[PDB]
Amino acid sequence: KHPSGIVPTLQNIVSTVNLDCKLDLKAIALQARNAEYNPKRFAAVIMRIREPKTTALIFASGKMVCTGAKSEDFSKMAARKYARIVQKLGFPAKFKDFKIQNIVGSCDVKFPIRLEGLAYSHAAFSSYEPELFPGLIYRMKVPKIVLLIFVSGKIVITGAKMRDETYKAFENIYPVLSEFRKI
DNA sequence: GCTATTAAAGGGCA
DNA sequence: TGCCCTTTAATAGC
């Protein structure tokens, strides 16, 4: 399914869910265990669990962001545990509209890349300013994915709402990376 | 750390 | 009305 013989490793998953119930954030922050809340700084209660290792951003609206999981399933599992925590705190928490919002993956092609040559040949998608950031920002349009390409051969792929986008973006770029291998 | 990338949620502010 | 606020994760040159 991966012609290159390389499968990008999923590194981080960001998802959202609607607990469909208003929350008393000050109550949650005082009753909860691994909770942090500073309204002056950000409108969310920051909560963390060990397995799956994640961090949740719980908002008064009942909306919640889960970040840090290594897969979509883990993200949904973590979210459910947070939804359950909130329930045990005395809130009528549901689990409405769970949705994966971003998938970050990375892989190693195992050969150096000539970033400037790559950037020049794909000026429409490439953005490479090494003095500010060492990687070339490749903004692919199909699928709408952003790849950070480093001279080392390591690649970061971000912006996917589905893992097949992550994989496709990688398969698409692979031939380009090969064309621009640093000899 | 910090630079940049991405995505979501919200309060605050020009 | 945009845009930042925070969180996360990979990357690498400051």
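Just so it is clear: chains get the letters A, B, ... in the order the sequence lines come, proteins before strands, and each one is counted from 1. What's counted below: heavy atoms across the whole structure, side chains too, no hydrogens, waters or symmetry copies.
- A straight line from CD1 of A/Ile157 to P of B/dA4 spans 21 Å, rounded to a whole angstrom.
- In this structure, A/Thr54 reaches neither bases nor backbone, as no heavy-atom distance under 4.0 Å exists between it and the strands shown.
- Shown here, B/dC2 forms a base pair with C/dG13; the pair counts as Watson-Crick or G-U wobble because both key distances fall under 3.5 Å.
- A/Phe150 places its CZ atom 9 Å from the P atom of C/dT11, with the value rounded to the nearest Å.
- Both stacking criteria are satisfied for A/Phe133 over the base of B/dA4: a centre-to-centre distance under 5.5 angstrom and an angle between ring planes under 30 degrees.
- The nucleotide whose nearest atom lies closest to any side-chain atom of A/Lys154 is, among C/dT11, C/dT7, B/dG10, C/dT11.
- A sub-4.0 Å separation between OP1 or OP2 of C/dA12 and a side-chain N or O of A/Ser152 is present.
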Kindly determine whether A/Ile157 and A/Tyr167 satisfy side chain to side chain contact (heavy atoms under 4.5 Å, CB included), including the steps that lead there. CA-CA 9 Å; A/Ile157 308 164; A/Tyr167 299 150; over 6 Å; no

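- The nearest whole Å value for the distance from the CD1 atom in A/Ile103 to the P atom in C/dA10 is 16 Å.
- Under the rule of centres below 5.5 angstrom and planes below 30 degrees, the bases of C/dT8 and C/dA9 are stacked.
- Across the protein-nucleic acid pair, A/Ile155 atom CD1 and B/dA4 atom P stand 20 Å apart, rounded to whole Å.
- Under the 4.5 Å side-chain heavy-atom criterion for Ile, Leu, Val, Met, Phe, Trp and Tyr, A/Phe150 and A/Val146 are members of the same hydrophobic cluster.
- Residue A/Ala43 places its side chain closer to B/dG11 than to any other of B/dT6, B/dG11, C/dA9.
- Syn is the classification of B/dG10, since its glycosidic angle stays within 90° of 0.
- Checking B/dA9 for Watson-Crick or G-U wobble geometry (two distances, each under 3.5 Å) identifies C/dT6 as its partner.
- Atom CZ of A/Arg139 and atom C1' of B/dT6 are 10 Å apart (whole Å).
- Among the nucleotides C/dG13, B/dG10, C/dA10, the one closest to the side chain of A/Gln11 is C/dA10.
- Closest to the A/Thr55 side chain, of the nucleotides C/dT11, C/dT8, B/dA8, is C/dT8.
- OP1 and OP2 of C/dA9 both lie 4.0 Å or more from every side-chain N or O belonging to A/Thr67.
- Residue contacts for A/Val146: at a heavy-atom cut-off of 4.0 Å it reaches the sugar-phosphate backbone alone, with no base atom in range.
- Residue side chain A/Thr158 reaches the base of B/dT6 through a donor-acceptor N/O pair under 3.5 Å, judged by distance alone.
- One P atom belongs to B/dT3, the other to C/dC4, and the distance between them is 13 Å to the nearest Å.
- As rounded to the nearest Å, C/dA9 and B/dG10 have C1' atoms that lie 22 Å from one another.
- Each of A/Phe170, A/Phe125, A/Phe180 was checked for a ring-ring contact (aromatic ring centres under 6.0 Å, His included) with A/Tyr138, and the lone residue meeting it is A/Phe125.
- A/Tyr138 has its OH atom 15 Å from the P atom of B/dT6, to the nearest Å.
- Residue A/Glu129 contributes atom CD, which lies 10 Å from atom P of B/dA4 at whole-angstrom precision.
- Residue A/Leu57 is classed as a base contact, given a heavy-atom separation below 4.0 Å to a base.
- Put simply, A/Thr16 has no side-chain N or O that comes within less than 4.0 Å of OP1 or OP2 on B/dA9.
- Remark on DNA chain B: of its neighbouring residues A/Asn12 and A/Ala60, the 5'-side contact belongs to A/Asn12, judged by nearest-heavy-atom nucleotide.
- Ring geometry, A/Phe95 versus A/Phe98: the interplanar angle falls under 30°, so the pair is classed parallel (tilted spans 30 to 60°).
- The cluster map of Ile, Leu, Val, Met, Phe, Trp and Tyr, joined by side-chain heavy atoms under 4.5 Å apart, puts A/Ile113 and A/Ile145 in the same cluster.
- Between the CG atom of A/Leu19 and the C1' atom of B/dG10 there is a distance of 15 Å, given to the nearest Å.
- A continuous path of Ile, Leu, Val, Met, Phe, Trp and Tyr side chains, each step under 4.5 Å between heavy atoms, connects A/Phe111 with A/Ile173, placing both in one hydrophobic cluster.
- Its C1'-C2'-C3'-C4' torsion being negative, the sugar of B/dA4 is assigned to the south family.
- Nearest to the side-chain atoms of A/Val104 among the listed nucleotides C/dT11, B/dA8, B/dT6 stands B/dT6.
- Between A/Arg41 and C/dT6 there is a side-chain N or O to OP1 or OP2 distance below 4.0 Å.
- A/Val156 is connected to A/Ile137 through a chain of hydrophobic side-chain contacts under 4.5 Å among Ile, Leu, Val, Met, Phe, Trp and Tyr, so both are in one cluster.
- Using a 4.0 Å cut-off between a side-chain N of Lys or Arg and a carboxylate O of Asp or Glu, A/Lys81 and A/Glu51 do not qualify as a salt bridge.
- Relative to the side chain of A/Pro134, the nucleotides C/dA12, B/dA8, B/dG11 differ in distance, and C/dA12 lies closest.
- The side chain of A/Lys70 has C/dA10 as its nearest neighbour among B/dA4, C/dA10, B/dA9.
- Residues A/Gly68 and A/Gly153 both approach DNA chain C. Their nearest nucleotides, taken by heavy-atom distance, put A/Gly68 toward the 5′ side.
- At a threshold of 4.0 angstrom between heavy atoms, the contacts of A/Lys99 with the nucleic acid are absent.
- Nucleic acid contact for A/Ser127: none, since no nucleic acid atom lies under 4.0 Å from a heavy atom of the residue.
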